[PDB]
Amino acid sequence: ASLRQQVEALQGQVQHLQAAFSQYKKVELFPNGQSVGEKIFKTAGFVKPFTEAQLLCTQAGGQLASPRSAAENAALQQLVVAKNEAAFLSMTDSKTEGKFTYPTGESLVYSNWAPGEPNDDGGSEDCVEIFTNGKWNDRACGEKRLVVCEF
């Protein structure tokens, strides 16, 4: 008897939380975030060298942007376009030249290379930047690019 009343009580509290949270999700993503599927991209709004950007994302409980589909890539591109700053992706071929992988060592399941890329220009481009047009280019990891993490 009393338990049925508690259940109905919990239903009302849960509905309130769901509604309140749905509103805050939109508020939170504006203007530096993008939701795509179950992934969320968020830019720090500034630029940093690869290693520093990687650390920022990992320490925050996530990792550098790792678009695994056209949909995620387009979502990420929106942030790049908004800030008008090419961003770093999480993938590199630092372990084995010519073989780009995710931080986990897994090979890419998606790529959107601009024509002729990756080309390891000057024999020293192991990181990846995404342009405002959504295309990718391998680039020197020492360069500073917009920091975007995924959660």
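Numbering starts at 1 and runs along the sequence shown. Between two forms, the rigid core is the largest collection of C-alphas that superpose within 1.5 Å.
**Request:** Kindly name the stretch, out of 131 to 139 and 8 to 16, whose CA atoms are displaced more from this form in 9 other deposited structures of this protein after the core superposition?
**Result:** It is 8 to 16 whose C-alphas lie farther from the shown form in 9 other deposited structures of this protein.
**9 to 17 or 136 to 144, whichever carries the higher mean Cα B-factor** = Mean B over CA atoms: larger for 9 to 17.
**Request:** Would you determine, from the values in the PDB entry, which of 101 to 109 and 33 to 41 has the greater average C-alpha temperature factor?
**Result:** For C-alpha atoms only, the mean B-factor is higher in 101 to 109.
**C-alpha B-factor winner, where the candidates are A65, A114, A82, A86** = Highest C-alpha B-factor among the listed residues goes to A82.
**Request:** Check where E52 lands among this chain's C-alpha B-factors and tell me if it's the lowest, middle or highest third.
**Result:** Highest third of the chain for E52's C-alpha B-factor.
**Ranked C-alpha temperature factor of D93 among modelled chain residues, by third** = CA B-factor rank for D93: highest third.
**Prompt:** Relative to the other modelled residues in the chain, which third contains the C-alpha temperature factor of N73: lowest, middle or highest?
**Reply:** Lowest third, going by the recorded CA B-factors of the chain.
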